[PDB]
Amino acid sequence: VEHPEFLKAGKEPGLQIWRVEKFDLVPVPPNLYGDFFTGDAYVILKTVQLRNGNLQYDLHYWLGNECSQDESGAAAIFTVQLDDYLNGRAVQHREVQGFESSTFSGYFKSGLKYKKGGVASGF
């Protein structure tokens, strides 16, 4: 009835990463966090615990330099939809390859890694 990944989204403090694969939101394996395909588009949700018990959300949609239009647009839309699912309490961030904000890059201790290639376009 509803997307399983939305049901997983923003329930626990931490970092969640999904990749856009053929007009769908797919989870990235945890052991591959920090490694992004330059030919794909990703969605990243950082969750933080507050004193009052509520959760803070930051949504960064990352766009590879070689990512296709369907992937870039999907990431954007997914971000809006995931923001609305989270009562709109999340702040959205557009992260382009090579101009990532300090906040985004700061999520990764061992640093941001780029990889060539990526999943095929949905077009």
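A residue's number is simply how far along the shown sequence it sits, counting from 1. By rigid core we mean the largest C-alpha set that fits within 1.5 Å across both forms.
S.K.: With the rigid core as the fit anchor, does 114-122 or 2-10 show bigger C-alpha shifts in 7 other deposited structures of this protein?
M.R.: Clearly, after the core fit, the stretch farther away in 7 other deposited structures of this protein is 2-10.
S.K.: Quick check on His93: across the other compared entries (only those modelling residues on both sides), is it unmodelled in a third or more?
M.R.: Counting only entries that model residues on both sides, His93 is resolved in every one of them.
S.K.: Would you mind checking whether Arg51 is unresolved in the model of at least a third of the other PDB entries compared?
M.R.: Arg51: unmodelled in a third or more of the comparison entries.
S.K.: If you take the mean CA temperature factor per stretch, which one wins between 45-53 and 91-99?
M.R.: In the deposited entry, the stretch with the higher C-alpha B-factor mean is 45-53.
S.K.: Splitting the chain's C-alpha B-factors into thirds, which one does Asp84 fall into?
M.R.: Answer is lowest: the recorded C-alpha B-factor places it there.
S.K.: Split into thirds by Cα B-factor across the chain's modelled residues, where does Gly111 land: lowest, middle or highest?
M.R.: For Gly111, the deposited C-alpha B-factor lands in the lowest third.
S.K.: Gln69's Cα B-factor: lowest, middle or highest third of the chain?
M.R.: Tercile = lowest for this residue's CA B-factor.
S.K.: Give the position of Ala75 by CA B-factor within its chain, expressed as the lowest, middle or highest third.
M.R.: Within its chain, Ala75 is a middle-third residue by C-alpha B-factor, going by the deposited values.
S.K.: Please place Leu63 in the lowest, middle or highest third of its chain by C-alpha B factor as given in the entry.
M.R.: Its C-alpha B-factor belongs to the lowest third of this chain's values.
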